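Residue numbers (the authors' numbering), protein chains in the order written: chain u, 2 to 86; chain q, 2 to 114; chain e, 2 to 201. Just so you know, even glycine gets a beta-carbon here, dropped at the ideal spot from N, CA and C. Worksheet: one structure, shown below.
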Amino acid sequence: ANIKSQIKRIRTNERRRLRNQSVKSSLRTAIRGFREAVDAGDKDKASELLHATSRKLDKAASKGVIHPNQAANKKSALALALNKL
Amino acid sequence: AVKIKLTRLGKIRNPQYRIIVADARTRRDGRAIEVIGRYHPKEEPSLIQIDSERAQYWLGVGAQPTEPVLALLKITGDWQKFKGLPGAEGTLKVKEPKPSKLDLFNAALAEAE
Amino acid sequence: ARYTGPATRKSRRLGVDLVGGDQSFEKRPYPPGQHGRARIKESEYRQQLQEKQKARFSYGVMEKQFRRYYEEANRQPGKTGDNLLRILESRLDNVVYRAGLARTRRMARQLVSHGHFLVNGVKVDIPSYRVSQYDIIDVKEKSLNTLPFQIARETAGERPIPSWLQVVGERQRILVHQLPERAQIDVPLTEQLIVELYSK
RNA sequence: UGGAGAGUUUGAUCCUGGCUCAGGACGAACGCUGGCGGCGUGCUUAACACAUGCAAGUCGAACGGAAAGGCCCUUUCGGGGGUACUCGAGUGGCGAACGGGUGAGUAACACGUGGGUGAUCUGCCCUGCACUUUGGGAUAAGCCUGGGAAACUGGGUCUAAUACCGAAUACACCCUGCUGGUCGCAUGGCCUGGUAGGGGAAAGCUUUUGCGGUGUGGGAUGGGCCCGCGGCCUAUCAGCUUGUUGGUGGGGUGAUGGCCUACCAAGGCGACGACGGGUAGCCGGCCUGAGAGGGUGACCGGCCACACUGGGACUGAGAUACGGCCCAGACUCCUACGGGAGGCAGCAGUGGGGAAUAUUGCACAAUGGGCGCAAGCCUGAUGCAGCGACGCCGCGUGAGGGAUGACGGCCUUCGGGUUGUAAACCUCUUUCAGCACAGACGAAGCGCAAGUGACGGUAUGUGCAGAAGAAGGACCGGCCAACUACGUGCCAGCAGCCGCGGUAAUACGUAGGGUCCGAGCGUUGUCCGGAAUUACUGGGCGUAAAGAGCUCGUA
């Protein structure tokens with residue numbers, strides 16, 4: 002509020018927040034769809050939904066939106082959930 | 002980045018430094034990982050001692066000397082040894098020792114007789 | 002600071018002569034003032050205090066400096082009494098006085114404080130300067146011709162120079178072989194009384 | 001290396017036992033007094049409220065550009081074009097989480113010490129290996145225009161990137177299935193084990209000592225989490241707990257874990273003091289002490305916590321985000337009443353509180369830090385200076401000679417004694433101050449420019465003149481060094497205790513004298529010692545305080 006760098010950082014932090022929010026919302030939607038598909042009980046749609054969701058997860062990990070460990074945990078959980086079914 | 006800095010000691014008029022290895026984020030007089038020499042600029046030849054092997058180790062792991070420490074490392078030849086450009090030549094101008102008090106005592110006694 | 006008042010007062014009060022050759026003390030060897038003749042009550046504290054006053058008014062050392070000296074002497078690994086005596090004797094002004102270059106300790110202190118001397122090639126004007134082994138005390142060339150040093154250099158028949166000191170040059174150089182031991186000190190009073198007083 | 005006692009209960013004694021005193025210390029304050037220097041140190045109270053000025057920027061070698069200097073073409077002197085040397089504003093990167101302040105909260109894994117992590121993260125830095133392919137859509141700025149008092153903000157058009165986005169490759173990495181060997185400390189770990197499937201990136205700039213981008217192996221640094229042990233007072237606080245104790249499946253996290261959640265079981269803690277109440281930042285250290293111990297946490301150094309009060313997340317490698325954001329509240333300010341702005345416990349400074357604590361100073365010359373290839377820029381960090389006997393240390397205020405011992409004072413036995421070698425005088429020396437001249441180190445530094453020290457013309461050195469400009473405070477009945485006179489009279493007063501004042505006071509007041517200290521000397525406050533007076537070292541209980549009324553018996 003008092004220092005030029007702070008005002009510039011206000012704007013830039015806002016734009017970064019918008020981007021991160023979009024990425025996280027997309028990831029959450031993909032996970033939700035996959036979970037619903039597994040709940041339905043069909044394997045093939047769950048199969049390539051898992052593939053697409055894993056790709057989205059580690060691609061978001063590359064962007065820095067989520068930590069690579071978080072992507073690994075989510076991928077492992079989804080794969081184990083599919084394997085159990 | 003771990004750096005090889007100079008911390009300040011001594012009293013107000015006479016700064017005497019220690020060549021310390023410390024993180025760049027710590028304060029000047031903060032905790033030090035290691036002490037690898039000392040540097041007293043107040044003397045006429047400005048005594049410099051650097052423990053060569055520890056300096057070599059810390060340069061090997063990637064510590065970054067500050068400008069005064071870089072100048073000192075060049076003077077003692079440690080920097081050149083680490084790089085290897087002209088060789089490892091000691092340019093250190095050691096302080097010239099002062100004759101013993103006993104020498105002067107006997108000299109005065111003989112001068113009397 | 003310094004003590005500048007009459008010197009004979011302290012000698013009369015302490016019952017001994019501290020200057021060494023003063024006639025007034027011999028004329029009246031009793032304490033000063035109106036009641037210098039009254040009999041005194043005897044107390045160990047009084048004797049110890051008077052011994053300390055003798056020591057610190059012979060050498061012209063104030064109480065705080067004397068206490069520092071006593072702490073230093075006690076800390077040393079010898080014995081306290083002679084350690085204190087040797088520390089007192091190692092003062093520059095005392096060295097100048099015992100070297101036969103000053104009639105009295107006061108004038109030795111005055112000469113030292115005025116920077117008429119020079120120890121180890123560097124000018125020193127500090128009466129409390131302590132002198133170590135193989136120390137060479139010299140008079141600077143400018144003041145060699147002054148009347149004080151003149152009459153000091155032509156009356157070298159007074160009090161003998163102790164063993165630990167030795168004047169070697171016709172210009173009255175001083176050499177210090179080692180710090181004096183209790184045997185060669187040759188001082189009045191009793192060190193044990195001072196040690197007892199400062200342990201109270 | 002190393003422990004000292006004295007007074008006070010009685011007519012007198014011994015003992016027990018309390019009180020008091022002699023010592024040391026201080027972030028001190030007050031009284032009287034006060035010359036200098038060196039080195040330190042200075043809001044302990046209101047985490048009270050804050051005027052003003054500074055305390056975090058930087059990069060044109062990421063980018064479009066051209067507001068201000070430079071240069072060059074042009075001219076009517078109004079200016080106009082180019083340049084990219086350069087650079088305001090802007091996009092972008094890195095920094096801003098360090099450094100600096102404070103001690104409110106916190107009795108807690110906060111701190112100290114030692115471990116564990118087969119349960120974990122780590123930007124910049126160092127060092128191996130592999131890469132750095134390909135395409136696209138915007139937008140700030142600019143221009144035009146609207147709203148509002150202002151703060152600020154809407155629309156249209158337009159433009160660039162190392163800004164943003166899609167794909168390929170990676171098979172070193174991530175996930176899953178099967179499978180081999182091996183080490184264990186059980187989950188498990190390791191052999192970059194093998195094998196099948198799926199998948200995960202990058203950015204260019206610059207001609208000059210050239211700087212950069214991405215993945216991955218290993219270092220280095222900085223962390224996170226868990227645990228043993230250790231350091232307050234209070235049962236006139238005995239019960240406490242329901243995500244609370246454990247399991248399973250999920251979720252969540254960098255990571256383990258009731259961290260969260262559904263279900264299940266009924267546990268878990270507590271007289272070895274749970275649960276409450278009070279107080280408190282912790283430590284290296286500091287003071288005291290013979291030591292054990294006691295008190296303490298100022299400076300300096302480490303860790304924690306907080307940033308008007310209370311919640312919350314965002315960005316980021318990293319956030320109690322002091323000089324960031326959002327909300328609520330209190331307070332202060334502006335308003336065209338529609339709405340807005342602010343946060344000194346940063347450096348100085350102001351008001352208030354108080355017994356009491358400083359300059360709205362100088363410099364980036366040195367060290368440390370941020371950005372930059374670099375030159376360089378920023379840095380109230382820091383280096384210095386100013387103020388305060390606030391502390392420690394050192395020095396001076398003169399030295400030698402000088403008498404049947406001058407004058408004056410005071411006492412007197414009227415003789416004389418004391419001030420007193422003190423003084424007067426005769427010489428000597430000038431320390432420190434004063435004046436004059438010269439004048440540093442701190443910089444084997446920085447700079448490819450010619451120079452560069454804030455301190456500072458200081459310290460210091462050499463000359464000049466002259467004892468010339470330089471001493472006060474407390475105390476003097478005993479403890480406890482040091483006594484007389486006059487004044488006063490159970491008054492005025494003193495006093496740490498014992499106790500002193502009743503016309504002849506060594507105890508009040510004042511003068512002579514004396515003693516102890518000395519630029520200080522005393523008083524008050526606080527802690528330790530003396531105190532073996534909480535006794536571990538090192539005490540006691542028949543009559544001095546002290547054996548439960550007596551047994552049985554739980555831990």
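Could you check which residue in the options has the C-alpha nearest to that of residue i?
i: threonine 105 (chain e); options: e:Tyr4, e:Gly22, e:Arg14; result: e:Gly22
i: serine 164 (chain e); options: e:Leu148, e:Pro33, e:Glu182, e:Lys42; result: e:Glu182
i: residue 1 (chain e); options: e:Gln24, e:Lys11, e:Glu45; result: Given that chain e is displayed from residue 2 to residue 201, the structure contains no residue 1 (chain e) and the question cannot be resolved.
i: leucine 10 (chain q); options: q:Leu71, q:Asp30, q:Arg26; result: q:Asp30
i: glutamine 17 (chain q); options: q:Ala23, q:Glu44, q:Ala2, q:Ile5; result: q:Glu44
i: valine 120 (chain e); options: e:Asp94, e:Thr156, e:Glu155; result: e:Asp94
i: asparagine 15 (chain q); options: q:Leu86, q:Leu74, q:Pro42; result: q:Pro42
i: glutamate 35 (chain q); options: q:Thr77, q:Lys99, q:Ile5, q:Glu90; result: q:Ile5
i: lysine 201 (chain e); options: e:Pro7, e:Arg29, e:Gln49, e:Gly79; result: e:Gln49
i: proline 46 (chain q); options: q:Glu90, q:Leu7, q:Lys96; result: q:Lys96
i: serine 48 (chain u); options: u:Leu83, u:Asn14, u:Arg20; result: u:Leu83
i: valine 62 (chain e); options: e:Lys42, e:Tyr4, e:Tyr31, e:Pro78; result: e:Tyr4
i: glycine 170 (chain e); options: e:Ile138, e:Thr147, e:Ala184; result: e:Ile138
Whose Cβ in chain q lies nearer than 9 Å to the Cβ of residue i?
i: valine 140 (chain e); result: Within chain q, no residue comes near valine 140 (chain e); the closest Cβ sits about 14 Å away, beyond 9 Å.
Would you kindly check if the distance between the Cβ of residue j and the Cβ of residue i is under 8 Å?
i: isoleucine 20 (chain q); j: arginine 32 (chain q); result: no
i: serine 144 (chain e); j: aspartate 126 (chain e); result: no
i: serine 129 (chain e); j: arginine 92 (chain e); result: yes
i: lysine 46 (chain u); j: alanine 38 (chain u); result: yes
i: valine 177 (chain e); j: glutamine 134 (chain e); result: yes
i: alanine 153 (chain e); j: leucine 102 (chain e); result: yes
i: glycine 78 (chain q); j: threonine 92 (chain q); result: yes
i: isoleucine 175 (chain e); j: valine 96 (chain e); result: yes
i: residue 96 (chain u); j: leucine 51 (chain u); result: Since the first and last residues shown for chain u are 2 and 86, residue 96 (chain u) lies out of range.
i: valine 24 (chain u); j: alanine 62 (chain u); result: no
i: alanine 2 (chain q); j: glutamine 57 (chain q); result: no
i: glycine 37 (chain e); j: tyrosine 46 (chain e); result: no
Give the interface partners of residue i over in chain e, defined as CB-CB distance under 8 Å, in chain order.
i: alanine 113 (chain q); result: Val169, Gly170, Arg174
i: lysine 99 (chain q); result: Neighbours of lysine 99 (chain q) on chain e: none; closest Cβ ~11 Å, over 8 Å.
Strictly below 8 Å CB to CB, what residues from chain q border residue i?
i: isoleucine 137 (chain e); result: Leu105, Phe106, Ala109
Could you tell me how far apart the beta carbons of residue i and residue j are, in whole angstroms, since I believe they sit closer than 8 Å?
i: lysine 55 (chain e); j: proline 161 (chain e); result: Going by Cβ atoms, the distance from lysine 55 (chain e) to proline 161 (chain e) rounds to 22 Å, so no, they are not a contact pair.
i: residue 115 (chain q); j: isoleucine 49 (chain q); result: For chain q, the structure presents residues 2 to 114; residue 115 (chain q) sits outside this window and is missing.
i: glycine 82 (chain e); j: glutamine 193 (chain e); result: 6 Å
i: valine 132 (chain e); j: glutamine 173 (chain e); result: Wrong, their Cβ atoms sit about 16 Å apart, outside the cutoff.
i: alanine 74 (chain e); j: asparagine 84 (chain e); result: 4 Å
i: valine 22 (chain q); j: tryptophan 59 (chain q); result: 5 Å
i: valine 62 (chain q); j: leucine 7 (chain q); result: Incorrect: roughly 19 Å between the Cβ atoms, too far for contact.
I'd like the list of long-range same chain contacts for residue i, defined as Cβ closer than 7 Å, with 5 residues on each side in sequence excluded.
i: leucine 15 (chain e); result: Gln51, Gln54, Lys55
i: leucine 58 (chain u); result: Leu28, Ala72, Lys75, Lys76
i: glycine 116 (chain e); result: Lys124, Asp126
i: residue 1 (chain e); result: Since the first residue of chain e shown is 2 and the last is 201, residue 1 (chain e) is not available in this structure.
Among residues of its own chain, excluding the 5 on either side of residue i, which ones have a beta-carbon nearer than 6 Å to its beta-carbon?
i: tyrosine 98 (chain e); result: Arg106, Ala109
i: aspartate 18 (chain e); result: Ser12, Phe26
i: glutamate 142 (chain e); result: none
i: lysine 82 (chain q); result: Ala89
i: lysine 94 (chain q); result: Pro46
i: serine 59 (chain e); result: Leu19
Residues of chain e with a CB under 7 Å from the CB of residue i: which are they?
i: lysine 94 (chain q); result: In chain order: nothing, as chain e lies at least about 24 Å away.
Just to confirm my understanding: we take residue i, look at its own chain, exclude 5 residues before and 5 after, and list those with CB closer than 8 Å. What are they?
i: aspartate 52 (chain q); result: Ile37, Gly38
For residue i, which residues in chain e fall below 9 Å Cβ to Cβ?
i: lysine 43 (chain q); result: Simply none; closest approach about 18 Å.
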